[PDB]
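The chain below stands alone and is given in structure tokens; this is the form deposited in one PDB entry.
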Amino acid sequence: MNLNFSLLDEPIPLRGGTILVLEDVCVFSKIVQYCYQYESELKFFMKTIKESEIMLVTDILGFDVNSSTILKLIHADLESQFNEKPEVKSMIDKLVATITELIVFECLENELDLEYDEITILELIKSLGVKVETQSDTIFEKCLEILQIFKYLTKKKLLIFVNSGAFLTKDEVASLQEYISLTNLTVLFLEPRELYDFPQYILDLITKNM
């Protein structure tokens, strides 16, 4: 896909992980703003990328990777992990039947006439309170987690990181780029300065280290 705005000679292609450097403070500021307020001067497309289809990250530690929407997707994912393990899943079914059986007995014994449905694997997973751990995150760890929840969000097409290179070591930028490619994601890193020596675009428009 592509980024374009009127002052570009030609669209900036966005394939996999793209590092875009805006060395002029005023233009760094304006482009970050247009991204933030995308709806618009700046265009991503040759169908246009809707606003809802873009996720923008400026505060890494503050970004919520444990939204109801994401947890649902994680939990579903975990359940589907069992569908590749018929032997183990069947055992779980048997453990839950035994549990169900002990509970239904307590129901019979209760003075009330009680009824019930069933306990599901998904319900067990929800009850266990599974979520992404983030309390201890380093900034790099959290970047990875965002990438990883991003992959679940089939609706979202572009992830944009704002001014994040400053927090990452060379090997860390390396590790993130590698994960992006392995996962077929599309991610834009908006930077105010050249980010080490990775392939990257620079508007003063050139490319460096290809």
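All residue numbers refer to positions in the sequence shown, first residue = 1.
A chain break between residue 45 and residue 46 is present, corresponding to 1 to 3 residues of the deposited sequence without coordinates. The entry models residue 178 and residue 179 with no unmodelled deposited residue separating them. The PDB entry records a higher mean C-alpha B factor for 24-32 than for its counterpart among 24-32 and 58-66. Higher mean CA B-factor, judged across 47-55 and 161-169 from the recorded values: 47-55. Among the modelled residues of the chain, residue 10 sits in the highest third by CA temperature factor in this PDB entry. For residue 191, the recorded CA B-factor ranks within the lowest third of the chain. Only modelled residues enter the ranking.
Per the PDB record, residue ranking by Cα B-factor puts residue 174 in the highest third of the chain.
Ranked by C-alpha B-factor against the other modelled residues of its chain, residue 77 falls in the middle third.
Residue 143: CA B factor in the lowest third of modelled residues in this chain (values from the PDB entry).
This protein has a second form, the form deposited in another entry, left out of what is shown; the following refers to that one.
Checking 86, 64, 95, 81 against the motion between this form and the one not shown, you find the hinge between the rigid parts at 64. Whereas the shown form places them at one spacing, the Cα atoms of residue 181 and residue 81 lie at least 3 Å farther apart in the other entry. Contraction of the residue 135-residue 148 CA spacing by 3 Å or more is recorded in the other entry, set against this form.
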